[PDB]
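Worksheet for the structure shown next.
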Amino acid sequence: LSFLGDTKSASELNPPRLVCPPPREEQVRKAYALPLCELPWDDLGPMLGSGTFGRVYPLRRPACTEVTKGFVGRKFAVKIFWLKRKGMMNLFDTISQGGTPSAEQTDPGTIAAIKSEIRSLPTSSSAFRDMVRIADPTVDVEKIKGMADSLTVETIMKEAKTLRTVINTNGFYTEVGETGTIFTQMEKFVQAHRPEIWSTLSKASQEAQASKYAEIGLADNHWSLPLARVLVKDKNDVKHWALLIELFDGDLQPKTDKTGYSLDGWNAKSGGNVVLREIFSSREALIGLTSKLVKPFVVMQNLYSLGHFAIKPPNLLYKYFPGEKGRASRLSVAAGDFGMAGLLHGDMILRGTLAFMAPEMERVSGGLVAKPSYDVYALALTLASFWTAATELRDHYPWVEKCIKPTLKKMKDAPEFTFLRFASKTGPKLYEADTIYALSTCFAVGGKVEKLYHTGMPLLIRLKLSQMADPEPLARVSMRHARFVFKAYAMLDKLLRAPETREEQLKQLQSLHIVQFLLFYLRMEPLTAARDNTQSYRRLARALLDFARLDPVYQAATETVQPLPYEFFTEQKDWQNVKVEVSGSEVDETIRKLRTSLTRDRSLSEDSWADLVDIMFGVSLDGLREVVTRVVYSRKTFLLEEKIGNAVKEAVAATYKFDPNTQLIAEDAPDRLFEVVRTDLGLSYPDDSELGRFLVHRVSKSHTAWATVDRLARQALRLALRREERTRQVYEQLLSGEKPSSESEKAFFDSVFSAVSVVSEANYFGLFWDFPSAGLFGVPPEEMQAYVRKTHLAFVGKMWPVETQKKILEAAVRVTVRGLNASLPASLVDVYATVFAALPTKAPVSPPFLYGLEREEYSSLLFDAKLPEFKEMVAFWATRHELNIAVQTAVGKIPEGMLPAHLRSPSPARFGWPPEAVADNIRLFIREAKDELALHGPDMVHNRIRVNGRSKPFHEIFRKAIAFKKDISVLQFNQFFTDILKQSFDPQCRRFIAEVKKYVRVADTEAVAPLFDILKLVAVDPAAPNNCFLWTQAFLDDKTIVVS
């Protein structure tokens, strides 16, 4: 362990730790000495982007001969400084060009803005008195700070030509100071940590000295800084100031849709999305981007002292280089905007964007000093915004519309999530008690943001992003640690995936520090170049997840703290003034044990131990005294997490004992499980205490795990049915109703259990339950293989094919539309929302999952459809049945310009049809309603009949319409429903009789018409309460049953 004592002091491959904690004119005069160039308004092309301070222009007819020697490739673009605020530049233009402006644009707001902006002109500086002298040598800037306030500004009709230059040059001056404050800090670093460069800059340079910094910032560090000081000459001889920035494709933030027909908000025709949609949809490109995106900020924080305090998707710039033939697509990323950058541990000003502000900046932090932990939060949010983008892109971020705001609305009179309430000094805080818990839950495994992630995001990245966005300022990992783990995983994944460059890849891998410690800790050898190292990459990537689960700390705490006997949680009163407290003197014995276990009985110094814990766990030395306290608190309450984990997994078995065909378990707890568990254990905890919240937190955490086990067992079945035709034979045997031999069932279940491991491998490097987990599940991992094979594979054995899943869902969506009489909205998002929120109550069969708590795995498993395709599948069914219902009533009124107000000429994109199918589907609906009407007559009689329906933990009564003749008898009445039972979905009820009872059954000689209302229709078996009339397509449909 010789590399730990700060061996690489200024390297950019693995920077050192963050150990511990100028005039104004100097910073402006530093960056003001950049090369100047002049070009007219003819090399500039069409405008390409516009902000609040400037407009960017690409330059045609190449110019700026300072470039020909400069950076190869790397197209350029100027930006003219043009203040956009209350249309005052437009007013200045209309006055200068000629004519008189309107009095409507002038009076209150424009004059207010000019009055506010002519003051605060830094007329003291000597740089601002030369910037204005170069652009216009006739204006005397010392009279304009006086004329604005002596006589109020209404001389605007004669001072426009000067006000323009003054204001735009003040904008240029601010943007120049923003870069000077960085050139200063870069020079302060090149002195101490670069001997080769500072032997040719310190000798003699002032402009080359300031161009070298820009070259270093663009090429080495991946920032984006200005390179020249171009001065543009207009057609009317009015010079504007500008800067020569680099040109990217830019703005990793995609555009949203506005027509309302896209079920993921992606604008289908934005032109700039076509490439972004290729990045945010694949797994390899996203794994590469995640590691490429941390480099600039790691460099910025650990090498130089400054920090970047406005991180958000619009501020990151990209460059694609498609690489179609003979090469590969190489993505490049840079950091854009440097408006708020400042030295670390210096005083700061609260100015950011609200959705990305750390919660510890809310009231105060010693006057809000600039801490390094404010930047790790904003990258966790930014990266989570990239992994959930191809699934439900919205205009507002997920953690504020699903996690923060519905919590803020409940337990306070403060629904205002604004910046004025965030910055204010007086009032109720914004992140006080429950909003912090909601934010913590939002990113953990099972929350909303975590429900929206890609299917292919490994568990290591999920855990790391969950640890970077931690509301607690301590116990939050640093940027160096994140860079290490993400880069190591990207390298290992590219080695594993790919089938002369292997040598360079292996050297670049083993040159890291995290990998060298992992090789020392796993007892491994310097790997190879001529050996198949597959199982040695499998171990380095699996040992990198055990440190995210925090397994070494748990193994060190298992040997120190005892488990707090079970007679503590049942034999104590006053449950509001007791709480499991950690001694504070054992959180030190566990740390000593951990140090000895990790170092392997060598003797490190203190700096080496600090560096090692920062590399491996990513915290300070007084920052692991909270990680360790969490672990030993979780170890004290053993024997209560285990009893809870065992109380559930019997609810999961009762679910299959009561409803023997469910098709999912649906991770979110059914809100009734808590009362089952609290009564199962015999507990009585006041719901507002350290133990009531603990119990409600553990019940859901165990239910999510058991639902995950169920889902993996259901995916393995569908994977093993795709191969091994013998498995398919036995599966069809099971489904058809009969039963197979014993050895055939054994082979079937053995194949499914062998496929469980193939399914579990991708996201969890190994099995799902293959870690120390006996408080999460109720079963130690040694007895977990023998539970899934013998017990759980019998629940999920007979699972309906996909066509049946789609048919019953279609028929349950076409009943909700009859149930609710109102019409449907205009945008398909709202149609889906209403139809799928009113579905559990008005449908006979309950859906497998609820609205808002839906996932991509559920849909891809049950329906073979992604989430934005599942929603689009539901909306079309809804709208088409709406059109059918509208045509039926109109055909009824006629003894057709009498359709409702928004169906006379609808766009065939509201349906799924092409433009040629609507005028035929209407004719089909007409030809069908004609028969539905011809049904009615004097002889026929219509009524409803009662059967058993949904199974609530006895059954509901469910009544279905019937139409028959008066001549019919019970003889011919029972035979029809017997023949209907033959096509049931439930394989058990394919052999039943379907008598009609009153429960005294009726004589077969009686008539049916005089009996019609207490009689019900039951299914009895001829050999020996069931609801297996509900599982038929005749009883699930809308049309009435025609008994005939």
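Going through the structure tokens in order, the chains are called A, B, and so on, while each chain numbers its residues from 1 and the ligands are numbered from 1 in the order shown.
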List every residue of stretch 413-542 of chain A that DSSP, applied to the backbone of this structure, assigns to alpha helix (DSSP H), and report them as a tab-separated table (two decimals) with N, CA, C and O atoms, in the first residue's frame.
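Output below, filename out.tsv:
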chain	number	residue	atom	x	y	z
A	419	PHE	N	-38.51	30.35	-5.08
A	419	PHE	CA	-37.20	30.80	-4.64
A	419	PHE	C	-37.31	31.86	-3.55
A	419	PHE	O	-36.41	31.97	-2.70
A	420	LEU	N	-38.39	32.64	-3.55
A	420	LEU	CA	-38.55	33.66	-2.52
A	420	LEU	C	-38.77	33.04	-1.15
A	420	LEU	O	-38.35	33.60	-0.13
A	421	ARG	N	-39.42	31.87	-1.10
A	421	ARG	CA	-39.56	31.14	0.15
A	421	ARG	C	-38.30	30.36	0.51
A	421	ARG	O	-38.11	30.00	1.67
A	422	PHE	N	-37.44	30.09	-0.47
A	422	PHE	CA	-36.19	29.38	-0.22
A	422	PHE	C	-35.12	30.31	0.33
A	422	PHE	O	-34.28	29.90	1.13
A	423	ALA	N	-35.13	31.57	-0.11
A	423	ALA	CA	-34.07	32.49	0.28
A	423	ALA	C	-34.43	33.32	1.50
A	423	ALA	O	-33.54	33.86	2.17
A	434	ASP	N	-40.33	16.18	6.77
A	434	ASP	CA	-40.88	15.13	5.93
A	434	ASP	C	-40.48	15.28	4.47
A	434	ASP	O	-40.45	14.29	3.74
A	435	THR	N	-40.20	16.51	4.02
A	435	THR	CA	-39.69	16.69	2.67
A	435	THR	C	-38.31	16.06	2.51
A	435	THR	O	-37.99	15.54	1.44
A	436	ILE	N	-37.50	16.08	3.57
A	436	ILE	CA	-36.20	15.42	3.51
A	436	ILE	C	-36.36	13.91	3.40
A	436	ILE	O	-35.65	13.24	2.63
A	437	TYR	N	-37.31	13.34	4.14
A	437	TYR	CA	-37.56	11.90	4.04
A	437	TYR	C	-38.11	11.53	2.67
A	437	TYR	O	-37.75	10.48	2.11
A	438	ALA	N	-38.98	12.36	2.11
A	438	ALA	CA	-39.50	12.11	0.77
A	438	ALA	C	-38.39	12.17	-0.27
A	438	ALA	O	-38.34	11.34	-1.18
A	439	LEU	N	-37.49	13.16	-0.16
A	439	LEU	CA	-36.36	13.23	-1.08
A	439	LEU	C	-35.45	12.02	-0.94
A	439	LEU	O	-34.93	11.51	-1.94
A	440	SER	N	-35.24	11.55	0.29
A	440	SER	CA	-34.41	10.36	0.49
A	440	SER	C	-35.05	9.14	-0.16
A	440	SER	O	-34.37	8.36	-0.83
A	441	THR	N	-36.35	8.96	0.04
A	441	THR	CA	-37.07	7.83	-0.54
A	441	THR	C	-37.19	7.91	-2.05
A	441	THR	O	-37.30	6.87	-2.71
A	442	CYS	N	-37.14	9.12	-2.62
A	442	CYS	CA	-37.38	9.29	-4.05
A	442	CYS	C	-36.35	8.56	-4.91
A	442	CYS	O	-36.69	8.06	-5.98
A	443	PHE	N	-35.10	8.47	-4.45
A	443	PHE	CA	-34.03	7.89	-5.24
A	443	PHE	C	-33.65	6.48	-4.81
A	443	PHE	O	-32.92	5.81	-5.55
A	448	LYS	N	-40.04	6.81	-7.15
A	448	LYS	CA	-40.56	7.23	-8.45
A	448	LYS	C	-39.45	7.41	-9.47
A	448	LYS	O	-39.47	6.82	-10.56
A	449	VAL	N	-38.46	8.24	-9.14
A	449	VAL	CA	-37.34	8.44	-10.04
A	449	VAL	C	-36.68	7.12	-10.36
A	449	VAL	O	-36.28	6.86	-11.50
A	450	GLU	N	-36.57	6.23	-9.36
A	450	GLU	CA	-35.98	4.93	-9.61
A	450	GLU	C	-36.89	4.05	-10.45
A	450	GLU	O	-36.41	3.16	-11.15
A	451	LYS	N	-38.20	4.27	-10.39
A	451	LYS	CA	-39.11	3.55	-11.28
A	451	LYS	C	-38.94	3.98	-12.72
A	451	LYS	O	-39.25	3.20	-13.63
A	459	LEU	N	-27.04	-2.11	-10.97
A	459	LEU	CA	-27.37	-1.71	-9.61
A	459	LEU	C	-26.28	-0.84	-9.00
A	459	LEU	O	-26.57	-0.04	-8.10
A	460	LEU	N	-25.04	-0.97	-9.46
A	460	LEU	CA	-23.95	-0.17	-8.93
A	460	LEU	C	-24.18	1.32	-9.18
A	460	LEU	O	-23.98	2.15	-8.29
A	461	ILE	N	-24.62	1.67	-10.39
A	461	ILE	CA	-24.88	3.06	-10.71
A	461	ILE	C	-26.10	3.58	-9.96
A	461	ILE	O	-26.12	4.73	-9.52
A	462	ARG	N	-27.12	2.74	-9.78
A	462	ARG	CA	-28.28	3.14	-8.99
A	462	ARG	C	-27.87	3.49	-7.56
A	462	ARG	O	-28.25	4.53	-7.03
A	463	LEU	N	-27.07	2.63	-6.94
A	463	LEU	CA	-26.64	2.89	-5.57
A	463	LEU	C	-25.73	4.10	-5.48
A	463	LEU	O	-25.83	4.90	-4.54
A	464	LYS	N	-24.85	4.29	-6.47
A	464	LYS	CA	-23.95	5.44	-6.41
A	464	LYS	C	-24.70	6.76	-6.59
A	464	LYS	O	-24.44	7.72	-5.86
A	465	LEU	N	-25.63	6.83	-7.55
A	465	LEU	CA	-26.46	8.03	-7.68
A	465	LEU	C	-27.34	8.24	-6.46
A	465	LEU	O	-27.61	9.39	-6.10
A	466	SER	N	-27.80	7.17	-5.82
A	466	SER	CA	-28.54	7.34	-4.58
A	466	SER	C	-27.68	7.87	-3.44
A	466	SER	O	-28.22	8.50	-2.53
A	467	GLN	N	-26.37	7.60	-3.46
A	467	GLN	CA	-25.47	8.11	-2.44
A	467	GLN	C	-24.94	9.51	-2.73
A	467	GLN	O	-24.53	10.20	-1.80
A	468	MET	N	-24.93	9.94	-3.99
A	468	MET	CA	-24.51	11.30	-4.30
A	468	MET	C	-25.59	12.32	-3.98
A	468	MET	O	-25.28	13.44	-3.56
A	479	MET	N	-16.60	13.93	-5.22
A	479	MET	CA	-16.55	13.86	-6.67
A	479	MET	C	-15.40	12.97	-7.14
A	479	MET	O	-15.51	12.30	-8.17
A	480	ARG	N	-14.30	12.97	-6.40
A	480	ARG	CA	-13.17	12.10	-6.75
A	480	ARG	C	-13.57	10.63	-6.68
A	480	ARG	O	-13.25	9.85	-7.59
A	481	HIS	N	-14.27	10.24	-5.62
A	481	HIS	CA	-14.69	8.85	-5.47
A	481	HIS	C	-15.64	8.44	-6.59
A	481	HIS	O	-15.52	7.34	-7.15
A	482	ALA	N	-16.59	9.31	-6.93
A	482	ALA	CA	-17.51	9.03	-8.03
A	482	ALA	C	-16.76	8.87	-9.35
A	482	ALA	O	-17.06	7.96	-10.13
A	483	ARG	N	-15.79	9.74	-9.61
A	483	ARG	CA	-14.99	9.61	-10.82
A	483	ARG	C	-14.27	8.27	-10.87
A	483	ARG	O	-14.30	7.57	-11.89
A	484	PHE	N	-13.62	7.88	-9.77
A	484	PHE	CA	-12.94	6.59	-9.70
A	484	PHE	C	-13.88	5.43	-10.03
A	484	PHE	O	-13.59	4.62	-10.92
A	485	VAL	N	-15.00	5.33	-9.31
A	485	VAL	CA	-15.86	4.16	-9.49
A	485	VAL	C	-16.48	4.14	-10.89
A	485	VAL	O	-16.54	3.08	-11.53
A	486	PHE	N	-16.91	5.30	-11.40
A	486	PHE	CA	-17.54	5.32	-12.72
A	486	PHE	C	-16.56	4.99	-13.83
A	486	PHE	O	-16.88	4.24	-14.75
A	487	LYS	N	-15.34	5.54	-13.76
A	487	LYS	CA	-14.35	5.23	-14.80
A	487	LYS	C	-13.92	3.77	-14.75
A	487	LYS	O	-13.80	3.13	-15.80
A	488	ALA	N	-13.69	3.23	-13.55
A	488	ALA	CA	-13.33	1.83	-13.45
A	488	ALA	C	-14.42	0.94	-14.02
A	488	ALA	O	-14.13	-0.02	-14.75
A	489	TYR	N	-15.69	1.24	-13.73
A	489	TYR	CA	-16.75	0.39	-14.26
A	489	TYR	C	-16.87	0.51	-15.77
A	489	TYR	O	-17.13	-0.49	-16.45
A	490	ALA	N	-16.72	1.72	-16.32
A	490	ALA	CA	-16.79	1.86	-17.77
A	490	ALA	C	-15.70	1.05	-18.46
A	490	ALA	O	-15.96	0.34	-19.44
A	491	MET	N	-14.47	1.12	-17.94
A	491	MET	CA	-13.38	0.33	-18.52
A	491	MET	C	-13.66	-1.17	-18.43
A	491	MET	O	-13.50	-1.89	-19.42
A	492	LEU	N	-14.08	-1.65	-17.25
A	492	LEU	CA	-14.32	-3.08	-17.10
A	492	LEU	C	-15.46	-3.55	-17.99
A	492	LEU	O	-15.40	-4.65	-18.55
A	493	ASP	N	-16.50	-2.74	-18.15
A	493	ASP	CA	-17.61	-3.14	-18.99
A	493	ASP	C	-17.21	-3.20	-20.46
A	493	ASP	O	-17.66	-4.08	-21.20
A	494	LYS	N	-16.35	-2.28	-20.90
A	494	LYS	CA	-15.91	-2.32	-22.29
A	494	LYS	C	-14.97	-3.49	-22.54
A	494	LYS	O	-14.92	-4.04	-23.64
A	495	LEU	N	-14.19	-3.89	-21.53
A	495	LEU	CA	-13.39	-5.11	-21.67
A	495	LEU	C	-14.28	-6.34	-21.74
A	495	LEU	O	-14.07	-7.22	-22.58
A	496	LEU	N	-15.27	-6.43	-20.85
A	496	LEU	CA	-16.13	-7.61	-20.81
A	496	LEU	C	-16.95	-7.75	-22.09
A	496	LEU	O	-17.15	-8.86	-22.58
A	497	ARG	N	-17.44	-6.64	-22.62
A	497	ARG	CA	-18.40	-6.71	-23.72
A	497	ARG	C	-17.72	-7.04	-25.04
A	497	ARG	O	-18.22	-7.87	-25.81
A	502	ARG	N	-6.12	-4.32	-26.48
A	502	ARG	CA	-6.31	-4.91	-25.16
A	502	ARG	C	-5.19	-4.50	-24.21
A	502	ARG	O	-5.44	-4.24	-23.03
A	503	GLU	N	-3.95	-4.44	-24.71
A	503	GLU	CA	-2.83	-4.11	-23.84
A	503	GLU	C	-2.93	-2.68	-23.33
A	503	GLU	O	-2.73	-2.43	-22.13
A	504	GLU	N	-3.24	-1.73	-24.21
A	504	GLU	CA	-3.38	-0.35	-23.77
A	504	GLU	C	-4.57	-0.18	-22.84
A	504	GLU	O	-4.51	0.59	-21.87
A	505	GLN	N	-5.66	-0.91	-23.09
A	505	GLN	CA	-6.81	-0.83	-22.20
A	505	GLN	C	-6.47	-1.37	-20.82
A	505	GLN	O	-6.86	-0.78	-19.80
A	506	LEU	N	-5.73	-2.48	-20.75
A	506	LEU	CA	-5.39	-3.06	-19.46
A	506	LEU	C	-4.41	-2.18	-18.70
A	506	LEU	O	-4.48	-2.07	-17.47
A	507	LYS	N	-3.48	-1.53	-19.41
A	507	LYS	CA	-2.58	-0.60	-18.74
A	507	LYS	C	-3.32	0.61	-18.20
A	507	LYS	O	-3.11	1.02	-17.05
A	508	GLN	N	-4.21	1.19	-19.01
A	508	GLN	CA	-5.02	2.31	-18.54
A	508	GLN	C	-5.89	1.91	-17.36
A	508	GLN	O	-6.17	2.74	-16.48
A	509	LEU	N	-6.33	0.65	-17.31
A	509	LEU	CA	-7.12	0.19	-16.17
A	509	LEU	C	-6.26	0.07	-14.92
A	509	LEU	O	-6.58	0.66	-13.88
A	510	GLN	N	-5.16	-0.67	-15.00
A	510	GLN	CA	-4.38	-0.95	-13.81
A	510	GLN	C	-3.56	0.25	-13.37
A	510	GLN	O	-2.88	0.20	-12.34
A	514	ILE	N	-7.99	2.85	-7.32
A	514	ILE	CA	-9.03	1.96	-6.81
A	514	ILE	C	-8.78	0.53	-7.26
A	514	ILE	O	-8.97	-0.42	-6.50
A	515	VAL	N	-8.30	0.35	-8.50
A	515	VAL	CA	-8.04	-0.99	-9.01
A	515	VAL	C	-6.82	-1.60	-8.34
A	515	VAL	O	-6.78	-2.81	-8.09
A	516	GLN	N	-5.81	-0.79	-8.01
A	516	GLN	CA	-4.65	-1.33	-7.31
A	516	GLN	C	-5.02	-1.78	-5.91
A	516	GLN	O	-4.58	-2.84	-5.45
A	517	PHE	N	-5.86	-1.02	-5.21
A	517	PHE	CA	-6.30	-1.51	-3.91
A	517	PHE	C	-7.17	-2.74	-4.04
A	517	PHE	O	-7.10	-3.64	-3.20
A	518	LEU	N	-8.03	-2.81	-5.06
A	518	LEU	CA	-8.86	-4.00	-5.21
A	518	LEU	C	-8.01	-5.23	-5.50
A	518	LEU	O	-8.31	-6.33	-5.03
A	519	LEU	N	-6.93	-5.07	-6.28
A	519	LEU	CA	-6.03	-6.18	-6.51
A	519	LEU	C	-5.29	-6.59	-5.25
A	519	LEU	O	-5.03	-7.78	-5.04
A	520	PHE	N	-4.93	-5.64	-4.39
A	520	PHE	CA	-4.31	-6.02	-3.12
A	520	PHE	C	-5.30	-6.68	-2.17
A	520	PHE	O	-4.91	-7.56	-1.39
A	521	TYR	N	-6.56	-6.27	-2.21
A	521	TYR	CA	-7.54	-6.73	-1.23
A	521	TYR	C	-8.13	-8.08	-1.60
A	521	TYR	O	-8.41	-8.90	-0.72
A	534	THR	N	-11.75	-13.30	-18.22
A	534	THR	CA	-13.17	-13.02	-18.05
A	534	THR	C	-13.58	-13.14	-16.58
A	534	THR	O	-14.21	-12.23	-16.03
A	535	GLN	N	-13.23	-14.24	-15.94
A	535	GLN	CA	-13.58	-14.41	-14.53
A	535	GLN	C	-12.83	-13.46	-13.62
A	535	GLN	O	-13.22	-13.30	-12.46
A	536	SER	N	-11.77	-12.81	-14.11
A	536	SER	CA	-11.06	-11.82	-13.32
A	536	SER	C	-11.61	-10.42	-13.50
A	536	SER	O	-11.37	-9.56	-12.65
A	537	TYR	N	-12.31	-10.15	-14.60
A	537	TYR	CA	-13.12	-8.94	-14.68
A	537	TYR	C	-14.43	-9.11	-13.93
A	537	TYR	O	-14.97	-8.13	-13.42
A	538	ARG	N	-14.95	-10.33	-13.87
A	538	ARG	CA	-16.19	-10.56	-13.13
A	538	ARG	C	-16.00	-10.30	-11.64
A	538	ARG	O	-16.95	-9.90	-10.95
A	539	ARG	N	-14.80	-10.55	-11.11
A	539	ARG	CA	-14.56	-10.33	-9.69
A	539	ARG	C	-14.28	-8.87	-9.36
A	539	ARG	O	-14.73	-8.40	-8.31
A	540	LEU	N	-13.55	-8.16	-10.21
A	540	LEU	CA	-13.29	-6.75	-9.98
A	540	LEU	C	-14.54	-5.88	-10.10
A	540	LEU	O	-14.58	-4.82	-9.48
A	541	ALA	N	-15.54	-6.32	-10.86
A	541	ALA	CA	-16.79	-5.59	-10.98
A	541	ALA	C	-17.80	-5.98	-9.91
A	541	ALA	O	-18.71	-5.20	-9.64
A	542	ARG	N	-17.65	-7.15	-9.31
A	542	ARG	CA	-18.51	-7.60	-8.23
A	542	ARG	C	-18.00	-7.16	-6.87
A	542	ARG	O	-18.79	-6.98	-5.94
Which residues come within 9 Å of stretch 275-282 of chain A, counting only C-alpha atoms, excluding same-chain residues fewer than 5 positions away, as a JSON list (two decimals) with N, CA and C atoms, in the first residue's frame?
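The resulting result-v4.json:
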[["chain", "number", "residue", "atom", "x", "y", "z"],
["A", 252, "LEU", "N", -27.32, 19.50, -23.97],
["A", 252, "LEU", "CA", -27.77, 18.12, -23.77],
["A", 252, "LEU", "C", -29.23, 18.02, -23.33],
["A", 253, "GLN", "N", -29.91, 19.13, -23.19],
["A", 253, "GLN", "CA", -31.33, 19.16, -22.84],
["A", 253, "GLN", "C", -32.19, 19.05, -24.10],
["A", 254, "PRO", "N", -33.08, 18.07, -24.20],
["A", 254, "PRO", "CA", -33.90, 17.92, -25.40],
["A", 254, "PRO", "C", -35.16, 18.79, -25.35],
["A", 266, "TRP", "N", -41.09, 13.80, -25.99],
["A", 266, "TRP", "CA", -40.13, 14.13, -27.03],
["A", 266, "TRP", "C", -40.81, 14.76, -28.23],
["A", 287, "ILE", "N", -23.57, 4.57, -20.39],
["A", 287, "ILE", "CA", -22.50, 4.21, -19.47],
["A", 287, "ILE", "C", -21.22, 4.97, -19.80],
["A", 289, "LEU", "N", -21.18, 8.08, -21.28],
["A", 289, "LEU", "CA", -21.45, 9.47, -20.94],
["A", 289, "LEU", "C", -21.36, 9.72, -19.44],
["A", 320, "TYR", "N", -20.65, 15.07, -31.37],
["A", 320, "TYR", "CA", -20.96, 13.66, -31.63],
["A", 320, "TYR", "C", -19.97, 12.94, -32.53],
["A", 386, "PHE", "N", -30.74, 12.20, -17.01],
["A", 386, "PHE", "CA", -30.37, 11.58, -18.27],
["A", 386, "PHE", "C", -30.76, 10.13, -18.35],
["A", 387, "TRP", "N", -30.76, 9.41, -17.23],
["A", 387, "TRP", "CA", -31.14, 8.00, -17.28],
["A", 387, "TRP", "C", -32.65, 7.80, -17.37],
["A", 388, "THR", "N", -33.45, 8.80, -17.01],
["A", 388, "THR", "CA", -34.90, 8.72, -17.11],
["A", 388, "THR", "C", -35.47, 9.58, -18.22],
["A", 389, "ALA", "N", -34.72, 9.83, -19.29],
["A", 389, "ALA", "CA", -35.15, 10.75, -20.32],
["A", 389, "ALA", "C", -35.92, 10.09, -21.45],
["A", 390, "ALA", "N", -35.49, 8.94, -21.94],
["A", 390, "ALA", "CA", -36.23, 8.29, -23.01],
["A", 390, "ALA", "C", -37.54, 7.68, -22.53],
["A", 391, "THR", "N", -37.79, 7.70, -21.22],
["A", 391, "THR", "CA", -39.03, 7.25, -20.62],
["A", 391, "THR", "C", -39.64, 8.44, -19.90],
["A", 454, "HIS", "N", -33.71, 3.56, -16.81],
["A", 454, "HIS", "CA", -33.56, 2.64, -17.92],
["A", 454, "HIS", "C", -33.61, 1.21, -17.41],
["A", 456, "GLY", "N", -31.56, -1.66, -17.77],
["A", 456, "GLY", "CA", -30.22, -1.90, -18.25],
["A", 456, "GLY", "C", -29.23, -1.11, -17.43]]
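When only C-alpha atoms are used to compute distances to residue A:719, the closest of the residues A:78, A:705, A:759, A:166 turns out to be A:759.
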Residue A:256 proximity check over A:204, A:393, A:141, A:962, using only C-alpha atoms: winner is A:393
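Note that the spacing between atom CA of residue A:700 and atom CA of residue A:562 amounts to 25.2 Å.
Using only C-alpha atoms, the protein and nucleic acid residues lying no more than 7 Å from residue A:226, apart from those fewer than 4 places from it along its own chain, are residues 243, 244 and 245 of chain A.
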